[PDB]
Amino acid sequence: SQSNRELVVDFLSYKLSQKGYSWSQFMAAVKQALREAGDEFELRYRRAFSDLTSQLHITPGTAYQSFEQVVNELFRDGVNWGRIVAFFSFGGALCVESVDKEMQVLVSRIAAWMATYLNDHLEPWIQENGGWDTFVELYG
């Protein structure tokens, strides 16, 4: 059970932190840099971000192809870290729209679409461009 290991890591991280120690997982710093980069993006690029987010509205009927086509425009002539942050913020905005319209069910699906798009399209660029460690150093 992946599940059981996760519960154990959560408890031990809590207990160590409660004693004034710090036991961070390898993806801890990546997560934090991404939250901060996404916040800064949405605050810096309100106009461009709105234009991005207005290009797609997710309904129970939407397929991945529709999401992929809009994200493909974002990366059509290649990848940079700024565009990767835009892709996260864009997913975020689609999830918020979904929940504003009481379609909470769509959040899971958007998460799977984002994970697929990362795996197929962005992870190979990231592994040739210094890994998520380079992102943390650039944005964290």
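So that the term is clear: the rigid core is the largest set of C-alpha atoms that superpose within 1.5 Å between two forms. Start at 1 with the first residue shown and count on from there.
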- Query: Core-superposed in 4 other deposited structures of this protein, which stretch deviates more in Cα positions, 17 to 25 or 126 to 134?
  - Reply: 17 to 25
- Say the other structures are aligned on the rigid core; which stretch then has the higher CA RMS in 4 other deposited structures of this protein, 65 to 73 or 82 to 90? 65 to 73
- Message: Please compare 126 to 134 with 21 to 29 and say which has the higher mean C-alpha temperature factor in the record.
- Response: 21 to 29
- Query: On average, which has the higher Cα B-factor in the deposited entry, 100 to 108 or 37 to 45?
  - Reply: 100 to 108
- Note on the structure: For 72, 55, 89, 80, the deposited C-alpha B-factor is largest at 55
